[PDB]
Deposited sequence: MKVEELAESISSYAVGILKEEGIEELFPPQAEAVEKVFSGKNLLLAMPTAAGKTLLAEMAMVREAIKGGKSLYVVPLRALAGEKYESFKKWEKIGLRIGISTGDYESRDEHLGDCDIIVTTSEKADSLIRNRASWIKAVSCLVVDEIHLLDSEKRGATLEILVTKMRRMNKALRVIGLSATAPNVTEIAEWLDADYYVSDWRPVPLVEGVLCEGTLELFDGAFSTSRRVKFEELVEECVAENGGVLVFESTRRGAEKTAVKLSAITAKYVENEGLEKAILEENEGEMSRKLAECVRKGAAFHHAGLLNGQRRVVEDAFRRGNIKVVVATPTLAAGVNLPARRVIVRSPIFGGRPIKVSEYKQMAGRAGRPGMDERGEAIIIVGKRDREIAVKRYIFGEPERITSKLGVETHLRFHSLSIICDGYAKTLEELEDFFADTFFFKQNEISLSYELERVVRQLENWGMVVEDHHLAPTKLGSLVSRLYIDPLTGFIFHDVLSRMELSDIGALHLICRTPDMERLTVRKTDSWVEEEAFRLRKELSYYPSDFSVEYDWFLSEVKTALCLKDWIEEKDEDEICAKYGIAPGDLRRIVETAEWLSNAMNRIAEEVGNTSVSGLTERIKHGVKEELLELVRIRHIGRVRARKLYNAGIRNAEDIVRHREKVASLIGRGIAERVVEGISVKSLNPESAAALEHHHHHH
């Protein structure tokens, strides 16, 4: 479409921006879709990612800004948000202000009001609405990326409620949904009152195959070919041509073992001693050293136990071809762009068989446009499951997208904020709200009976009052703005209004709530019961029987003991080994606990309980109180802070007055950076 044919709808300046990015002509599906893209009607675009639907959304947002509007772009994950924000920055060159929402817990991010394109997640967009962010009402166009996640038990409900809140607030809102292909995507279009464009076109053709007992059968449509080959050669022939290989495994253990195996192959072709160093800079425990050795050899594994920095290092080096093979778990976020000529799937389990949808998502990553004439996706399978792999996955179709909203926890969680935000003042109005959801579109089931039960539960919890009408209480408003589960708020409020808590008491209180991630109690964790009894008088409760409540309690206690070791400055590798977790797990647990500690303190303040104040910053840094002054300094975390403090250097003044000693204690380069920062701040 020559791109210049777009100059009438987006500016000629915008065409210029596209040319500077290299885009001279559009893909066939894009050219077919642009007319609907530049209309004012709601629109659903269902295409593979490689077919360029994000660019179509971008041009829609650019045109919306020229028309005097303002666009909110929502993604399901923070990482996806960073990627899209950085990619959208190019539009600043023609004067568009691009913003991304903050990490703050209960903020309005009012600064974003003057942006023309705002990137956020769906949870954060809902939070911004709950906190009365004033610029939401100025949004004229909402783009919902990955709207097929309506199918997800974890993420679908939030998408339904967010879209409904925005459409009821602004009748003139234009909604654009971006989806993977699925058999019923037009039902999503119908829910949005939208036009649609659906296409399976991809820029690189994909062939899909099964490897069984040393024979590969490969399919282009209904036509197949056969080859005598093994897994190792399938990887190596690709590595030798810098083609990029992505291997999916079911478990972390499998991914690590396969990455170590393949590193022997990749070592013949590359060495990255700098990348090995980068892998080890935050952590150098057992997993990290194994990963660093893989990376120096040109391989990597990729799972939730890596630190975020390690994941970023692996992803960038893979995009650069320094890392030849990445062995990942199926948790690998869809938005992580990992261009590979060849995808190899050895992960039959996920959690629970792998969905056809998930297999197809792994398969569609194969084929690097402009490099590969063909992408290959290969399932490795035993002779027993070979027919299943051929017939249900290779020749399968992705499942129908079906609402997961109709579950009591989602109904309770969202009904609280619907009532708090004023979207519904009566039971009939609450039912009317839910009649606008995708759930209702698919099922036409009125939830009156279930919603009544949920409202009664919220009323027994002190979150709402059913007077003449339905209203939030003070606690309900607070809980809604904190974005915690109503049950979490009830537990916090009930305990903190009755008693003061020690450290372990408040950590355990956090670990009682449904929002906290808890550790699994293993057969070797009898010390957890010992510690639970020894500390029981510090806890907000202790079970009476040895019922299943007791096992749940032991899980809460083990998680609280982990957080306790964290804030008592235990070495993080020792924490990982003691609790059977990886460094990335400890970071994720700590971040979740920090968020919930903040919410617990807000509730504590409202009831006049001072006994958990100070916990949140300790959880944030993993330090005893004495170190807080030091860790607020940039480049000073728990380790450097403890080293300085133990040498008598206990605040920024001491650092500045003892530069030489500081340099001997934590390194001269580090000390120069730290002194520079402190002198800057004064």
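According to the record, no C-alpha positions are given for deposited positions 352, 684-699, numbered from 1.
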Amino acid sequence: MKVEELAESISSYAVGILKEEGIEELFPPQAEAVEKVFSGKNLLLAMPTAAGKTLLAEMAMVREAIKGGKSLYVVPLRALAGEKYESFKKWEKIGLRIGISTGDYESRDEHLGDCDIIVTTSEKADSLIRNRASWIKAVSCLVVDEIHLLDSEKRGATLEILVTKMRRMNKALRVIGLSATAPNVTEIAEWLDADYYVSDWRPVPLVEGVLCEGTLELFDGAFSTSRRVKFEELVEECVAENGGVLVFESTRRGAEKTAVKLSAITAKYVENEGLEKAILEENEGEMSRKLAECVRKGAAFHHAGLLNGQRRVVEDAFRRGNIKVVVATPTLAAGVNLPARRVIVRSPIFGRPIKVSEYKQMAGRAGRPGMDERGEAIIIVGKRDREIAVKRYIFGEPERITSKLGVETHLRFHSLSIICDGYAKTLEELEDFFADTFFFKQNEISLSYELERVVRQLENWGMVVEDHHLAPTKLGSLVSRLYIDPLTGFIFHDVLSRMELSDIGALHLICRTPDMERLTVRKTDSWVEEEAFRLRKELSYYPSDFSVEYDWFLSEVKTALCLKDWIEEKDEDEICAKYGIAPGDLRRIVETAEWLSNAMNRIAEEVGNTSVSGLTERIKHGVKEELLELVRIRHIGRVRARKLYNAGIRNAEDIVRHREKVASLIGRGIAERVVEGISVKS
From here on, numbers count along this sequence of modelled residues.
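Of the two segments, 528-536 and 490-498, the one listed with the higher mean B-factor is 528-536 (C-alpha atoms only). Look at the mean CA B-factor for 621-629 and for 649-657 in the entry; the higher one is 649-657.
Across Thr121, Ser357, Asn170, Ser179, the greatest Cα temperature factor reported in the deposited entry is at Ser357. In this entry, the residue among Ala328, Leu470, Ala194, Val343 with the greatest C-alpha B factor is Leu470. Sort the modelled residues of the chain by CA B factor and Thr49 lands in the middle third.
For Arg638, the recorded CA temperature factor ranks within the lowest third of the chain's modelled residues. Per the deposited record, the Cα B-factor of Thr215 falls in the highest third when ranked against the other modelled residues of its chain. Annotation for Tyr541: C-alpha temperature factor in the middle third relative to the rest of the modelled chain, per the entry. In this PDB entry, the Cα temperature factor of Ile66 sits in the top third of its chain's modelled residues, the highest group.
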